[PDB]
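Taking it in order: structure first as structure tokens, then the write-up.
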Amino acid sequence: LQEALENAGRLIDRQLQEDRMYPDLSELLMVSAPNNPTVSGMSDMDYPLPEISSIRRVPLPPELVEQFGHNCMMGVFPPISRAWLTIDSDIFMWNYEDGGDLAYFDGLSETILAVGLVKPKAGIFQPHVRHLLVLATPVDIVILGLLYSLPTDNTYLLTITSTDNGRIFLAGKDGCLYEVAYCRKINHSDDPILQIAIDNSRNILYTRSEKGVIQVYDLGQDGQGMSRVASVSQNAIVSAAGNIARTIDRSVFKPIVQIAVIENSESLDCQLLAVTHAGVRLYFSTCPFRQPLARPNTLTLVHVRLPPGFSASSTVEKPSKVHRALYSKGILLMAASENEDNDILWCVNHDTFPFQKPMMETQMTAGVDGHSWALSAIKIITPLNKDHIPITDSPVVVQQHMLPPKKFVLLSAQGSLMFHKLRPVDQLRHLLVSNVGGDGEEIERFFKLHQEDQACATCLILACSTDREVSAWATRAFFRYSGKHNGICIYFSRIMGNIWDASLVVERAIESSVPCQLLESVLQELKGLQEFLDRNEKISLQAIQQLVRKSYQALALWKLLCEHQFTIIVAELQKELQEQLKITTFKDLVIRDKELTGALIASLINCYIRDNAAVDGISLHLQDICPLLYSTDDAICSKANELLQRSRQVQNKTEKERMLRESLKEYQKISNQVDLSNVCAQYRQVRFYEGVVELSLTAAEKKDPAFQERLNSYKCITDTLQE
């Protein structure tokens, strides 16, 4: 049945490689090079269930509202989870999660011009501070740890933005972009700059002037360069977008209300997004395509994607005068101005269709109260997988079984709103709870919108949870809507992830690749899957179930090895098997290998008994949790080996007699199977030739009750007699 185990290995590798190659953002936009830009959002299939179901409104505390009634700058600090508000430098930071932890501050003069939160340089600062507050006033800028001040020569700063490595950049009505070095200010240069965006992965800084001019600045690989790469006028952007569109009025391309950074985890080819009013997304590339290490050279426009309302067949109203936007992991959240007081929130995402080569998105509109001032967001790699690991980041459905939903906070005058993006598993849970049971009409549409394999993987994520009502409903939905076989394969591949093709050892001395807590979480998920399978294509499915059980036992063995001294267990082994372990995978160890598991078990038991401890506990545990990798034969072999190793002491002569006799009795029933020529060596080493003769006689009498093999066994008796 090793072929059935081997066959399911290609089935797991198929679904693992299927979720290994996914289209990039540039590929999703159907662009091929920065010389032929493409336009989407109008082909009636660009924009064909609750995208978010979390509306938690925490009102602004009345102490702040009373002062608000009497500047009105606002903002949020997601790293510290304390939203702030400003009424003439009376800056109070309240905890937007529950409306608490008021932090009044009105020490210096009024009329602050900019507020920023900076993660400080880890080198030179007191350890008790975790963040920095940078307040900009017309006379000077004060930096306060959570110190001293720096004067600005009458420059009206408007925005402050921090890099990941602690560099603070300010901009304002002076037209120049400044940096605070900590102290001094340095100018990196009629048009006020309103926004500064930071690309932390590729170290690219963007700006967005009042007229609309976007300037790309290159920080370099080090992050300290700050050289202007490009400077594109707004008219150039409008003309380029018109030429790419050729059928769209240019009034939607101007003005530009937001610029966002497209992270290296989302695209290797597109590095900037420009959101203009009426919700128009202009995709800008600053570096050559598919070159992760190429620094920016010019700011070019490669794609023009339209909002949902632009399509001829679309009945959705277009967004109107959007003033805030964010783009995170393919999710666009933009705030349109319905009135002076109310607002509309647009959520556009393609997490439902992550593999379609042309971009396929879904949109949601949510009416809220309060003008928006701050809308913000709250893999295991091995050398044997470096060439197969997808570089950027996995989609949502790949890691939805273990990743929490992405959380966002929208702050207005009335109060903060907390929401999170529903994972497909969350949408299925909402459908199951909203429906009476685990079947009906909304579940069928969920399993039809996603593929049957992906939908069954999501259903297994919900059904292997170990509350009971949702688990039973998810199990019924899984069994009601070969699709189940592919869903099981995909879910098992997503549980294992990048560990199935990964080596169980990464050099450093020699330690386990997977951390203990991650391994335990994977083990619990696999235990849930195995319990699901036990409670409930037949030959292939049974082979895959056996593979799941075998891999669960292997993972339990790996976890218990990590609990013990993994370095000692791996080191105390023959060099050939260690080198084989270097370039073998979990797939090969579970399936192809049948020697390294026993070697690891033997090393673990030897380490346990070299501590002068009874083996009866660890042997019982191994037999309980690894029946396939550890049989009763291994148990009696371990007991006899323990007796032989602990009988190498000269405390008493009569003590040796009973111990060696019982060890020989254990060896009598195991002489046929393992180590006939191995244990006789130590038997003669402990001066028990009488035992060697008896053991070899037992081997001759039981192994060959043929003639040639019995004579071969008697040759051992002759060799011992002559020894």
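Since every read-out is calculated from the coordinates, none of them should be taken as a lab result. As a convention, Cβ positions derive from the backbone with ideal geometry for all residues, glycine included, and neighbour counts pool all protein chains shown.
For residues that are among the acidic types (D, E) and surrounded by fewer than 16 Cβ atoms within 10 Å (Cβ to Cβ), scanning just the range 1-26, find the one that is nearest to the chain's Cα centre (by Cα).
So the residue we want is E18.
Report whether or not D633 is among the charged types (D, E, K, R) and over 25 Å from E723 (Cα atoms).
Taking the combined requirement at face value, the residue satisfies it.
Could you list all residues from the range 552-595 that are assigned to a loop (DSSP other than H, G, I, E, B) and not polar (S, T, N, Q)?
Passing the criteria: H564, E572, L573, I583, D593, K594, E595.
Name the pairs whose Cβ atoms lie under 8 Å apart, with the first residue in the range 42-71 and over 30 Å from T315 (Cβ atoms), the second part of a loop (DSSP other than H, G, I, E, B) and among the charged types (D, E, K, R), and 6 or more positions between them or separate chains?
Qualifying pairs under 8 Å: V58/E97; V58/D98; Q67/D90; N71/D88; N71/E110.
Every residue in the range 181-195 that is part of a strand (DSSP E or B) and out of contact with any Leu (no Cβ under 7 Å at 6 or more places or on another chain), please.
Just the residues of the range 181-195 that are part of a strand (DSSP E or B), to begin with: 181, 184-187, 193-195.
Correct list: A181, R184, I186, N187, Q195.
Could you list, in sequence order, all residues of the range 258-283 that are at positive phi and surrounded by fewer than 24 Cβ atoms within 10 Å (Cβ to Cβ)?
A278 - this is the single residue of the range 258-283 that is at positive phi and surrounded by fewer than 24 Cβ atoms within 10 Å (Cβ to Cβ).
Out of (1) part of a strand (DSSP E or B); (2) β-branched (V, I, T); (3) over 28 Å from the mean Cα position of the chain (by Cα), the odd one out for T298 is which?
Failed condition: (1).
Would the range 567-574 turn up any residue that is touching a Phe, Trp or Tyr at 6+ places or on another chain (Cβ under 9 Å) and either crowded, with 19+ Cβ neighbours inside 10 Å or not basic (K, R) (or both)?
no
Identify, from the list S43, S54, the residue that is of a type outside the set (K, R) and touching a strand residue (DSSP E or B) at 6+ places or on another chain (Cβ under 8 Å).
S54
Could you tell me whether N264 is of a type outside the set (A, V, I, L, M) and part of a helix (DSSP H, G or I)?
Taking the combined requirement at face value, the residue does not satisfy it.
Would you pick out the residues in the range 205-232 that are within 20 Å of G166 (Cβ to Cβ) and of a type outside the set (S, T, Y)?
Matches in the range 205-232: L205, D218, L219, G220, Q221, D222, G223, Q224, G225, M226.
Cβ-Cβ under 8 Å, sequence separation 6+ or interchain: first residue in the range 504-522 and more than 13 Å from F566 (Cα to Cα), partner surrounded by 19 or more Cβ atoms within 10 Å (Cβ to Cβ) and among the β-branched types (V, I, T). Which pairs?
Once the first residue is more than 13 Å from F566 (Cα to Cα) and sits in the range 504-522, its partners that are surrounded by 19 or more Cβ atoms within 10 Å (Cβ to Cβ) and among the β-branched types (V, I, T) give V522/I495; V522/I499; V522/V514.
Looking only at the range 277-287, decide whether some residue is under 22 Å from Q224 (Cα atoms) and out of contact with any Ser or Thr (no Cβ under 6 Å at 6 or more places or on another chain).
Yes: the range 277-287 contains one or more residues that are under 22 Å from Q224 (Cα atoms) and out of contact with any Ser or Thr (no Cβ under 6 Å at 6 or more places or on another chain).
Could you look through the range 216-245, keep only residues that are crowded, with 18+ Cβ neighbours inside 10 Å and not hydrophobic (A, V, I, L, M, F, W, C), and pick out the one that is farthest from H277 (Cα to Cα)?
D218
Scan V409, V470, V425 and give me the residue that is within 19 Å of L333 (Cα to Cα), surrounded by 16 or more Cβ atoms within 10 Å (Cβ to Cβ) and of a type in the set (V, I, T).
So the residue among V409, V470, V425 that is within 19 Å of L333 (Cα to Cα), surrounded by 16 or more Cβ atoms within 10 Å (Cβ to Cβ) and of a type in the set (V, I, T) is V409.
Filtering the range 109-118 down to residues that are in contact with a strand residue (DSSP E or B) (Cβ under 6 Å, 6 or more places away or on another chain) and in a loop (DSSP other than H, G, I, E, B), which residue is farthest from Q67 (Cα to Cα)?
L113
Of the conditions (1) surrounded by fewer than 16 Cβ atoms within 10 Å (Cβ to Cβ); (2) among the acidic types (D, E); (3) in contact with a helix residue (DSSP H, G or I) (Cβ under 6 Å, 6 or more places away or on another chain), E525 fails just one. Which one is it?
(1)
Evaluate the range 514-532: report whether one residue or more is over 20 Å from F586 (Cα atoms), more than 22 Å from the chain's Cα centre (by Cα) and of a type in the set (D, E).
Looking through the range 514-532, at least one residue is over 20 Å from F586 (Cα atoms), more than 22 Å from the chain's Cα centre (by Cα) and of a type in the set (D, E).
May I ask you to list the residues in the range 661-674 that are in contact with a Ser or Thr (Cβ under 9 Å, 6 or more places away or on another chain) and surrounded by 19 or more Cβ atoms within 10 Å (Cβ to Cβ)?
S663, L664, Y667, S671
What pairs can you find where one residue is in the range 545-569 and under 20 Å from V506 (Cα atoms), the other is part of a helix (DSSP H, G or I) and charged (D, E, K, R), and their Cβ atoms are less than 8 Å apart, with a gap of 6+ or different chains?
If the second residue must be part of a helix (DSSP H, G or I) and charged (D, E, K, R), the pairs left are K559/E520.
Consider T597 carefully, then state whether it is β-branched (V, I, T), closer than 30 Å to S647 by Cα, surrounded by 14 or more Cβ atoms within 10 Å (Cβ to Cβ) and within 31 Å of the chain's Cα centre (by Cα).
Here the answer is yes, as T597 does meet what is asked.
Which residues, taken from the range 99-133, are more than 24 Å from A413 (Cβ to Cβ), among the β-branched types (V, I, T) and surrounded by 20 or more Cβ atoms within 10 Å (Cβ to Cβ)?
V118
From the list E520, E525, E511, which residue is within 22 Å of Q454 (Cα to Cα) and among the charged types (D, E, K, R)? Let's see the steps before the verdict.
Working: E520 fails: within 22 Å of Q454 (Cα to Cα); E511 fails: within 22 Å of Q454 (Cα to Cα).
Step by step, each of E520, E525, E511 is checked, and only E525 is within 22 Å of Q454 (Cα to Cα) and among the charged types (D, E, K, R).
Test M364 against the stated conditions and say whether it is assigned to a strand (DSSP E or B), farther than 22 Å from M74 by Cα, in contact with a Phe, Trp or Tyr (Cβ under 8 Å, 6 or more places away or on another chain) and not β-branched (V, I, T).
yes
Select from the range 620-673 the residues that are over 17 Å from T597 (Cα atoms) and of a type in the set (V, I, T) and write down the one among them that is nearest to the chain's Cα centre (by Cα).
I636
Could you name every one of the strands (runs of 3 or more DSSP E) located completely within the range 24-108 that has at least 2 residues being under 30 Å from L158 (Cβ atoms)?
Ranges flagged: 56-59, 83-85, 92-94.
When the range 342-369 is examined, which residues are found to be of a type in the set (F, W, Y) and surrounded by 20 or more Cβ atoms within 10 Å (Cβ to Cβ)? Spell out how you get there, then give the answer.
The initial filter retains those residues of the range 342-369 that are of a type in the set (F, W, Y), namely 346, 353, 355.
Scanning the range 342-369 gives a single hit, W346.
Could you tell me which of the residues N641, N612 is not in a helix (DSSP H, G or I) and not small (G, A, S)? Working first, answer last.
Working: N641 fails: not in a helix (DSSP H, G or I).
Just one listed residue meets the conditions, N612.
For the range 372-415, which residues satisfy the criterion of being polar (S, T, N, Q) and within 10 Å of the chain's Cα centre (by Cα)? Walk me through how you get there before you give the answer.
Narrowing the range 372-415 to residues polar (S, T, N, Q): 372, 376, 382, 385, 392, 394, 399-400, 412, 414.
Result: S394, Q399, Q400.
With touching a helix residue (DSSP H, G or I) at 6+ places or on another chain (Cβ under 9 Å), surrounded by 24 or more Cβ atoms within 10 Å (Cβ to Cβ) and not aliphatic (A, V, I, L, M) as the only criterion, which of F478, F447 stands out?
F478
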